[PDB]
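Trainee: Next up, protein-v4.txt (compact mmCIF, C-alpha atoms and all ligand atoms).
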# COMPACT_ATOMS: atom_id res chain seq x y z
CA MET A 1 78.71 77.35 106.24
CA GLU A 2 76.04 75.44 108.18
CA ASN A 3 73.87 78.35 109.34
CA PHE A 4 73.44 79.11 105.65
CA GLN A 5 72.20 77.70 102.37
CA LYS A 6 74.19 78.40 99.19
CA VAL A 7 71.56 79.81 96.84
CA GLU A 8 74.16 80.28 94.12
CA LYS A 9 77.81 81.03 93.43
CA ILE A 10 78.02 84.73 92.66
CA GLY A 11 81.75 85.23 92.34
CA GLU A 12 85.30 83.96 92.23
CA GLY A 13 88.58 85.34 93.44
CA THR A 14 92.14 84.19 93.88
CA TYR A 15 91.42 84.53 97.62
CA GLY A 16 88.05 82.82 97.78
CA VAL A 17 84.67 82.03 96.34
CA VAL A 18 81.58 84.20 96.92
CA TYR A 19 78.09 82.83 97.44
CA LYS A 20 74.63 84.36 97.79
CA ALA A 21 73.34 82.77 101.00
CA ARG A 22 70.33 82.90 103.31
CA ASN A 23 70.67 82.89 107.09
CA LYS A 24 68.75 79.76 108.15
CA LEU A 25 67.82 81.58 111.37
CA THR A 26 67.50 85.33 110.70
CA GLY A 27 66.36 84.71 107.13
CA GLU A 28 68.49 87.59 105.93
CA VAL A 29 70.10 87.19 102.50
CA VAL A 30 73.82 87.88 102.39
CA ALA A 31 76.94 87.50 100.22
CA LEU A 32 79.33 85.03 101.80
CA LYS A 33 83.00 84.96 100.98
CA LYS A 34 84.96 81.77 101.76
CA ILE A 35 88.75 81.77 102.17
CA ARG A 36 91.40 79.04 102.62
CA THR A 41 96.65 77.57 105.46
CA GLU A 42 97.28 76.08 108.91
CA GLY A 43 95.94 78.60 111.42
CA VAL A 44 95.06 81.80 109.54
CA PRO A 45 97.39 84.74 110.39
CA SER A 46 96.06 86.91 113.22
CA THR A 47 97.52 90.15 111.89
CA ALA A 48 94.87 89.57 109.23
CA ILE A 49 91.86 88.73 111.40
CA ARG A 50 92.59 91.96 113.26
CA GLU A 51 92.68 94.32 110.27
CA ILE A 52 89.57 92.42 109.22
CA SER A 53 87.62 92.82 112.45
CA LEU A 54 88.54 96.48 112.12
CA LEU A 55 86.69 96.75 108.83
CA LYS A 56 83.52 95.74 110.65
CA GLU A 57 83.59 99.24 112.09
CA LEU A 58 84.12 100.99 108.77
CA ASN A 59 80.40 101.64 108.19
CA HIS A 60 79.16 104.07 105.56
CA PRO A 61 76.20 104.15 103.17
CA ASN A 62 78.60 103.79 100.24
CA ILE A 63 80.55 100.87 101.71
CA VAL A 64 79.16 97.34 101.59
CA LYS A 65 78.52 96.39 105.20
CA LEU A 66 80.70 93.61 106.59
CA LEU A 67 78.25 91.88 108.90
CA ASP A 68 80.53 89.26 110.39
CA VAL A 69 83.94 87.66 110.24
CA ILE A 70 84.02 83.98 111.16
CA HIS A 71 87.23 81.98 111.51
CA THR A 72 86.60 78.23 111.86
CA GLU A 73 88.17 74.92 110.83
CA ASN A 74 90.95 76.52 108.82
CA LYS A 75 88.35 78.57 106.93
CA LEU A 76 87.68 82.31 107.04
CA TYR A 77 84.16 83.52 106.22
CA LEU A 78 83.24 87.12 105.57
CA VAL A 79 79.52 87.84 105.64
CA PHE A 80 78.46 90.96 103.74
CA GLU A 81 75.18 92.73 103.02
CA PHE A 82 73.97 91.49 99.62
CA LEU A 83 73.47 93.80 96.61
CA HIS A 84 71.90 92.60 93.40
CA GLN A 85 74.21 93.81 90.69
CA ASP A 86 77.76 95.05 90.14
CA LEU A 87 78.81 97.94 87.91
CA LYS A 88 80.68 95.67 85.54
CA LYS A 89 77.40 93.92 84.71
CA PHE A 90 75.48 97.18 84.64
CA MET A 91 77.97 98.65 82.17
CA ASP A 92 77.74 95.66 79.87
CA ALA A 93 73.94 95.96 79.94
CA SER A 94 74.18 99.71 79.24
CA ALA A 95 76.90 99.36 76.58
CA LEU A 96 74.69 100.04 73.55
CA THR A 97 72.97 103.00 75.10
CA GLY A 98 75.59 104.20 77.59
CA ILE A 99 74.89 105.10 81.25
CA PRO A 100 73.27 108.55 81.29
CA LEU A 101 75.67 111.28 82.47
CA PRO A 102 73.60 112.22 85.53
CA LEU A 103 73.85 108.62 86.76
CA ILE A 104 77.57 108.41 86.04
CA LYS A 105 78.06 111.62 88.01
CA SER A 106 75.91 110.39 90.86
CA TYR A 107 77.90 107.11 91.05
CA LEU A 108 81.24 108.88 90.85
CA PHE A 109 80.15 111.31 93.60
CA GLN A 110 78.97 108.52 95.90
CA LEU A 111 82.15 106.49 95.34
CA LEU A 112 84.28 109.54 96.18
CA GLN A 113 82.21 109.89 99.37
CA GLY A 114 82.87 106.26 100.25
CA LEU A 115 86.59 106.73 99.54
CA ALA A 116 86.80 110.02 101.48
CA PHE A 117 85.35 108.09 104.44
CA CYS A 118 87.76 105.12 104.13
CA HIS A 119 90.72 107.41 103.62
CA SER A 120 89.85 109.63 106.60
CA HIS A 121 89.97 106.42 108.66
CA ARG A 122 93.34 105.46 107.15
CA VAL A 123 91.90 102.48 105.20
CA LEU A 124 92.71 101.89 101.54
CA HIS A 125 90.79 99.69 99.13
CA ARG A 126 93.78 98.87 96.85
CA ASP A 127 91.81 96.86 94.25
CA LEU A 128 88.90 98.94 92.97
CA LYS A 129 87.24 97.59 89.81
CA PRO A 130 83.70 97.65 88.28
CA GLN A 131 83.18 94.09 89.58
CA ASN A 132 83.49 95.22 93.20
CA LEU A 133 81.30 98.33 92.97
CA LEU A 134 77.78 97.15 93.79
CA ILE A 135 74.57 98.88 92.96
CA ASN A 136 70.96 98.66 94.11
CA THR A 137 67.56 99.77 92.85
CA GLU A 138 67.69 102.93 95.03
CA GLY A 139 70.42 104.57 92.99
CA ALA A 140 73.14 103.73 95.55
CA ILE A 141 76.57 102.37 94.58
CA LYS A 142 78.85 100.79 97.18
CA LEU A 143 82.51 99.77 97.56
CA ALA A 144 83.00 96.03 98.14
CA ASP A 145 85.71 93.39 98.51
CA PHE A 146 88.38 95.65 99.99
CA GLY A 147 91.93 94.62 99.06
CA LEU A 148 92.77 93.97 102.70
CA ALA A 149 96.38 93.70 101.59
CA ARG A 150 97.40 95.33 104.86
CA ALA A 151 95.32 92.48 106.25
CA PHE A 152 96.74 89.79 103.93
CA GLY A 153 98.57 91.17 100.91
CA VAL A 154 98.56 91.03 97.11
CA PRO A 155 97.29 87.94 95.21
CA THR A 160 92.86 78.62 91.24
CA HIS A 161 91.92 79.73 87.71
CA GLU A 162 91.50 83.45 88.50
CA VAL A 163 93.77 85.95 86.67
CA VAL A 164 94.01 89.30 88.53
CA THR A 165 92.96 92.27 86.39
CA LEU A 166 95.49 95.08 86.22
CA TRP A 167 93.39 97.54 84.28
CA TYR A 168 92.80 99.76 87.31
CA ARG A 169 96.23 99.50 88.89
CA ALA A 170 97.89 102.87 89.66
CA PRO A 171 101.31 103.40 87.99
CA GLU A 172 103.25 103.63 91.28
CA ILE A 173 102.14 100.06 92.11
CA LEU A 174 103.25 98.82 88.67
CA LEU A 175 106.56 100.61 89.21
CA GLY A 176 107.17 98.73 92.46
CA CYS A 177 106.31 101.30 95.13
CA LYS A 178 106.64 99.67 98.58
CA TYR A 179 104.05 101.86 100.25
CA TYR A 180 100.61 102.51 98.73
CA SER A 181 98.97 105.84 99.42
CA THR A 182 95.26 106.69 99.27
CA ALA A 183 96.03 107.97 95.74
CA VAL A 184 96.01 104.41 94.35
CA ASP A 185 92.24 104.32 94.92
CA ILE A 186 91.65 107.69 93.20
CA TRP A 187 93.60 106.43 90.18
CA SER A 188 91.46 103.27 89.99
CA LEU A 189 88.23 105.31 90.31
CA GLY A 190 89.38 107.69 87.56
CA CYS A 191 89.87 104.67 85.28
CA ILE A 192 86.35 103.52 86.17
CA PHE A 193 84.87 106.97 85.55
CA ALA A 194 86.48 107.02 82.06
CA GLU A 195 85.10 103.55 81.38
CA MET A 196 81.57 104.48 82.39
CA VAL A 197 81.72 107.47 80.04
CA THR A 198 83.34 105.80 77.02
CA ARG A 199 81.93 102.32 77.50
CA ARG A 200 85.38 100.84 77.02
CA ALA A 201 88.19 100.13 79.50
CA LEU A 202 90.70 102.98 79.59
CA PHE A 203 93.93 100.95 79.95
CA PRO A 204 93.19 97.30 79.27
CA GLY A 205 96.65 95.83 79.85
CA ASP A 206 97.03 92.08 79.76
CA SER A 207 100.38 91.98 81.56
CA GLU A 208 102.10 94.33 83.95
CA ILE A 209 104.41 95.78 81.36
CA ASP A 210 101.58 96.02 78.85
CA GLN A 211 99.47 97.76 81.53
CA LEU A 212 102.25 100.21 82.19
CA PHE A 213 102.88 100.90 78.50
CA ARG A 214 99.21 101.45 77.70
CA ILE A 215 99.21 104.11 80.45
CA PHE A 216 102.40 105.64 79.06
CA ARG A 217 101.06 105.67 75.49
CA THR A 218 98.00 107.63 76.57
CA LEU A 219 99.33 109.91 79.32
CA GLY A 220 102.93 110.11 78.10
CA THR A 221 105.93 108.29 79.49
CA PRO A 222 106.46 109.86 82.94
CA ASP A 223 109.73 111.59 83.82
CA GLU A 224 111.19 113.72 86.58
CA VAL A 225 109.34 116.77 85.21
CA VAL A 226 105.81 115.49 85.94
CA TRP A 227 106.69 112.91 88.60
CA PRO A 228 109.74 113.72 90.78
CA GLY A 229 111.34 110.50 92.01
CA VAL A 230 109.84 108.31 89.28
CA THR A 231 113.21 107.37 87.77
CA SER A 232 114.33 106.05 91.17
CA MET A 233 111.41 103.67 91.55
CA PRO A 234 112.17 99.89 91.84
CA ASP A 235 110.86 98.77 88.45
CA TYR A 236 111.52 101.96 86.52
CA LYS A 237 113.77 101.28 83.47
CA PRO A 238 115.58 104.08 81.57
CA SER A 239 114.91 101.92 78.53
CA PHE A 240 111.11 102.47 78.75
CA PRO A 241 109.93 103.87 75.41
CA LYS A 242 109.23 107.60 75.38
CA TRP A 243 105.65 108.31 74.25
CA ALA A 244 104.34 111.87 74.10
CA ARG A 245 101.15 112.51 76.06
CA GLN A 246 98.16 112.21 73.74
CA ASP A 247 95.66 115.02 73.35
CA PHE A 248 93.30 114.46 76.33
CA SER A 249 90.08 115.34 74.42
CA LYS A 250 90.76 112.12 72.56
CA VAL A 251 90.65 110.11 75.80
CA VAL A 252 87.07 110.48 77.02
CA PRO A 253 84.93 112.09 74.34
CA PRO A 254 82.28 113.32 74.61
CA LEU A 255 82.81 114.05 78.32
CA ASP A 256 82.43 117.80 79.10
CA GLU A 257 85.27 120.03 80.30
CA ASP A 258 84.32 119.81 83.98
CA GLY A 259 84.39 116.04 83.78
CA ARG A 260 87.63 115.99 81.77
CA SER A 261 89.27 118.39 84.26
CA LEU A 262 88.35 116.20 87.21
CA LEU A 263 89.44 113.01 85.45
CA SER A 264 92.76 114.58 84.54
CA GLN A 265 93.31 115.35 88.21
CA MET A 266 92.42 111.80 89.22
CA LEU A 267 94.95 110.51 86.72
CA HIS A 268 97.96 112.64 87.69
CA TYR A 269 101.11 110.53 87.63
CA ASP A 270 102.59 111.92 90.87
CA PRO A 271 100.60 110.39 93.76
CA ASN A 272 101.12 113.70 95.57
CA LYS A 273 99.56 115.80 92.86
CA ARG A 274 96.66 113.35 92.38
CA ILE A 275 93.40 114.85 93.74
CA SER A 276 92.08 113.52 97.04
CA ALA A 277 88.57 112.11 97.34
CA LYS A 278 87.57 115.03 99.60
CA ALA A 279 88.84 117.67 97.16
CA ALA A 280 87.25 115.82 94.24
CA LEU A 281 83.84 116.19 95.94
CA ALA A 282 84.21 119.99 95.77
CA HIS A 283 85.07 119.95 92.06
CA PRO A 284 82.81 122.03 89.72
CA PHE A 285 81.78 118.82 87.98
CA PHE A 286 79.47 118.06 90.94
CA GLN A 287 77.75 121.44 91.08
CA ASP A 288 74.71 119.87 89.43
CA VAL A 289 74.96 116.37 90.92
CA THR A 290 71.68 114.57 91.51
CA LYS A 291 70.65 111.04 92.46
CA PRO A 292 68.86 109.27 89.59
CA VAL A 293 67.76 105.67 89.80
CA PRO A 294 69.15 103.15 87.36
CA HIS A 295 66.84 100.85 85.48
CA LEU A 296 67.85 97.44 86.79
CA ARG A 297 66.92 94.04 85.38
CA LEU A 298 67.38 91.60 88.26
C1 LIG A 301 77.30 91.67 92.30
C2 LIG A 301 76.21 90.76 92.65
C3 LIG A 301 76.35 89.76 93.76
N1 LIG A 301 76.06 90.39 95.04
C4 LIG A 301 77.08 90.71 95.90
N2 LIG A 301 76.82 91.36 97.04
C5 LIG A 301 77.93 91.59 97.74
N3 LIG A 301 77.87 92.24 98.91
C6 LIG A 301 79.11 91.11 97.15
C7 LIG A 301 80.40 91.23 97.68
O1 LIG A 301 80.59 91.86 98.87
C8 LIG A 301 81.65 90.71 97.04
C9 LIG A 301 82.55 89.91 97.83
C10 LIG A 301 83.74 89.41 97.24
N4 LIG A 301 84.02 89.70 95.92
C11 LIG A 301 83.18 90.47 95.12
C12 LIG A 301 81.98 90.99 95.67
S1 LIG A 301 78.75 90.33 95.64
Written as C-alpha cells, how would this file's structure read?

Mentor:
Amino acid sequence: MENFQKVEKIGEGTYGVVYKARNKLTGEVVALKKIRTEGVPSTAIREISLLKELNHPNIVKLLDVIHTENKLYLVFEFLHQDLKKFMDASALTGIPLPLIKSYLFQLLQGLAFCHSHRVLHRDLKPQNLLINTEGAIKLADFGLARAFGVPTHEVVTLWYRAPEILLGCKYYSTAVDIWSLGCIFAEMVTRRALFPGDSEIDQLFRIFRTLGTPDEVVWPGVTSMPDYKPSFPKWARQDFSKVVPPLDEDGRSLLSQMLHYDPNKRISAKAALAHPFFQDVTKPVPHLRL
C-alpha cells in the first residue's frame, strides 16, 4: 500500500502475494497480503471482516481488511518463521518430541476455537503454521473458501488434503482440518511428508496405499461420493507401525484417530486435546535462527 513500505516479499499464493511491511505511522511490522476482478464480491468481504473477530493466541491476528482500487489487502500480525522452514532446518536432527507435542497441542487448541465458532481453515500446511521465539505456533492464511472458494506460477499443494475433498464432497466439515493436522504431525515426527501426491489421483492413491482403499465397511457412503470410482485399485491397509516410527503408542493412537477415513469417526480437535498423548505436554522453546 501507501501507508507501508515493502521490506521484502515473504510469500506467494494463487490468491495473492505476501509482503513483510512496516506501518509508516504506527511503526508496527506486519505481513501484508495483496489480492486481485471488477468490484470484489461482498459475500467475501463479509466472511473476511468476520475473521477479524476470530482472535485466539494460536491464530495469527488479522489486524485489518482494506478494500481499495480493485485490490484487497489483509494485514496480519507478523511472525518470523513458518513450520515448513523450521522442519527443513531441523531435518537432520528432527524436532524434539516435546516440541512436536507442544505444537500439535497448540494447533488443536487453535482449531477447537475456530471450529467452536463454525470457521474452518480448509488449507492447513506447514507453510501456513507460523512460529515465534516464545514457543508459540499459530494458524495463518485461512482458506476463506466460504469467503471466496478453492484456487500465476503457484501450484496448489495437495499433500494435506482430506480424502472426502479429493472424492468430491460438496460440503467440508471441520474434520478436513483434523486430517490436514494429522498429516502435519506425521511429517514433524518422520521428517518426510506423509502423502506427497503430485496430482489429485496420485494424492488419493498414496493415501489408499498407506491406509487401505476405503470401502463401505470403514467409510459408509464412500462409494456414492462424486469422484469415487469402483475401478480404484484395492490396496490393503499397511501395518501402521510402519507409518510413523519411532512415534510412541500414544502418539500413534492419536494420529490414527486424526486419519480416520470417515469424517464422522475422525477425532474432533476438542477430543484430541483430552487424548493420553498430551498427559505430559509442556511448552518448550524452539531454537530459532532468524
Ligand atoms: C513465515 C514467515 C513470514 N511471516 C509471516 N507472518 C505472517 N503473519 C504471515 C501470514 O499471515 C501469511 C499470509 C498469507 N500466506 C502465508 C502466510 S507470513

Trainee: Which residue gives the smallest distance to residue 128 in chain A among A:177, A:189, A:48, A:140, with all atoms listed in the file counted?

Mentor: A:189

Trainee: Please provide the set of residues having any atom within 8 Å of residue 8 in chain A, restricted to only C-alpha atoms, with same-chain residues fewer than 2 positions apart removed, written as JSON, numbers by chain.

Mentor: {"A": [6, 10, 19, 20, 21]}

Trainee: Considering only C-alpha atoms and all ligand atoms, can you say which of A:14, A:113, A:59, A:232 comes closest to ligand LIG 301 (chain A)?

Mentor: A:14

Trainee: Please give me, as a list in words, the residues lying within 6 Å of ligand LIG 301 (chain A) when counting all atoms listed in the file.

Mentor: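 The residues within 6 Å of ligand LIG 301 (chain A), counting all atoms listed in the file, are residues 10, 18, 31, 33, 64, 80, 81, 82, 83, 84, 85, 86, 132, 134, 144 and 145 of chain A.
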
Trainee: Tell me, as an MDAnalysis selection string, which residues lie within 8 Å of range 193-206 of chain A, counting all atoms listed in the file; anything in the same chain fewer than 4 positions away does not count.

Mentor: chainID A and resid 91 95 98:99 101 104 108 165:168 189 210:212 214:215 252:255 263

Trainee: Store the residues picked out above, limited to C-alpha atoms, as a PDB file, in the coordinates of the input.

Mentor:
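Result went into selection.pdb, see below:
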ATOM      1  CA  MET A  91      77.970  98.650  82.170  1.00  0.00           C
ATOM      2  CA  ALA A  95      76.900  99.360  76.580  1.00  0.00           C
ATOM      3  CA  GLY A  98      75.590 104.200  77.590  1.00  0.00           C
ATOM      4  CA  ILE A  99      74.890 105.100  81.250  1.00  0.00           C
ATOM      5  CA  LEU A 101      75.670 111.280  82.470  1.00  0.00           C
ATOM      6  CA  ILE A 104      77.570 108.410  86.040  1.00  0.00           C
ATOM      7  CA  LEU A 108      81.240 108.880  90.850  1.00  0.00           C
ATOM      8  CA  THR A 165      92.960  92.270  86.390  1.00  0.00           C
ATOM      9  CA  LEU A 166      95.490  95.080  86.220  1.00  0.00           C
ATOM     10  CA  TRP A 167      93.390  97.540  84.280  1.00  0.00           C
ATOM     11  CA  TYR A 168      92.800  99.760  87.310  1.00  0.00           C
ATOM     12  CA  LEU A 189      88.230 105.310  90.310  1.00  0.00           C
ATOM     13  CA  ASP A 210     101.580  96.020  78.850  1.00  0.00           C
ATOM     14  CA  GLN A 211      99.470  97.760  81.530  1.00  0.00           C
ATOM     15  CA  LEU A 212     102.250 100.210  82.190  1.00  0.00           C
ATOM     16  CA  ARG A 214      99.210 101.450  77.700  1.00  0.00           C
ATOM     17  CA  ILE A 215      99.210 104.110  80.450  1.00  0.00           C
ATOM     18  CA  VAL A 252      87.070 110.480  77.020  1.00  0.00           C
ATOM     19  CA  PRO A 253      84.930 112.090  74.340  1.00  0.00           C
ATOM     20  CA  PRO A 254      82.280 113.320  74.610  1.00  0.00           C
ATOM     21  CA  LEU A 255      82.810 114.050  78.320  1.00  0.00           C
ATOM     22  CA  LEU A 263      89.440 113.010  85.450  1.00  0.00           C
TER      23      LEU A 263
END

Trainee: Go ahead and compute the interatomic distance for CA of residue 2 in chain A and CA of residue 29 in chain A, in Å to one decimal.

Mentor: 14.3 Å

Trainee: What is the distance, in Å and to one decimal place, between CA of residue 112 in chain A and CA of residue 258 in chain A?

Mentor: 15.9 Å

Trainee: For residue 149 in chain A, work out the shell of residues within 12 Å, counting only C-alpha atoms and skipping chain neighbours fewer than 6 positions away, then give it as JSON, numbers by chain.

Mentor: {"A": [15, 47, 48, 49, 51, 52, 123, 124, 125, 126, 127, 155, 179, 180]}

Trainee: What does the file look like for those residues with C-alpha atoms, as a PDB file, in the coordinates of the input?

Mentor:
ATOM      1  CA  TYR A  15      91.420  84.530  97.620  1.00  0.00           C
ATOM      2  CA  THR A  47      97.520  90.150 111.890  1.00  0.00           C
ATOM      3  CA  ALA A  48      94.870  89.570 109.230  1.00  0.00           C
ATOM      4  CA  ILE A  49      91.860  88.730 111.400  1.00  0.00           C
ATOM      5  CA  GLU A  51      92.680  94.320 110.270  1.00  0.00           C
ATOM      6  CA  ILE A  52      89.570  92.420 109.220  1.00  0.00           C
ATOM      7  CA  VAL A 123      91.900 102.480 105.200  1.00  0.00           C
ATOM      8  CA  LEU A 124      92.710 101.890 101.540  1.00  0.00           C
ATOM      9  CA  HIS A 125      90.790  99.690  99.130  1.00  0.00           C
ATOM     10  CA  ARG A 126      93.780  98.870  96.850  1.00  0.00           C
ATOM     11  CA  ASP A 127      91.810  96.860  94.250  1.00  0.00           C
ATOM     12  CA  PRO A 155      97.290  87.940  95.210  1.00  0.00           C
ATOM     13  CA  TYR A 179     104.050 101.860 100.250  1.00  0.00           C
ATOM     14  CA  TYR A 180     100.610 102.510  98.730  1.00  0.00           C
TER      15      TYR A 180
END

Trainee: Using CA of residue 136 in chain A and CA of residue 16 in chain A as the two end points, give the distance in Å to one decimal.

Mentor: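 Going from CA of residue 136 in chain A over to CA of residue 16 in chain A, I get 23.6 Å.
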
Trainee: For residue 152 in chain A, which residue among A:244, A:103, A:35, A:115 is the nearest when counting only C-alpha atoms?

Mentor: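 Using only C-alpha atoms, the shortest distance to residue 152 in chain A belongs to A:35.
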
Trainee: With a distance cut-off of 12 Å and all atoms listed in the file, select the neighbouring residues of residue 46 in chain A, excluding the residue or stretch itself and same-chain residues fewer than 4 positions from it, and output the selection as a list in words.

Mentor: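 My reading of the contact set: residues 42, 50, 51, 52, 53, 71, 76, 150, 151 and 152 of chain A.
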
Trainee: Can you pull out the residues contacting range 276-287 of chain A? Cut-off 12 Å, using all atoms listed in the file, and skip same-chain residues under 5 positions away; I want them as a PyMOL selection string.

Mentor: chain A and resi 101-120+124+181-190+255-268+271
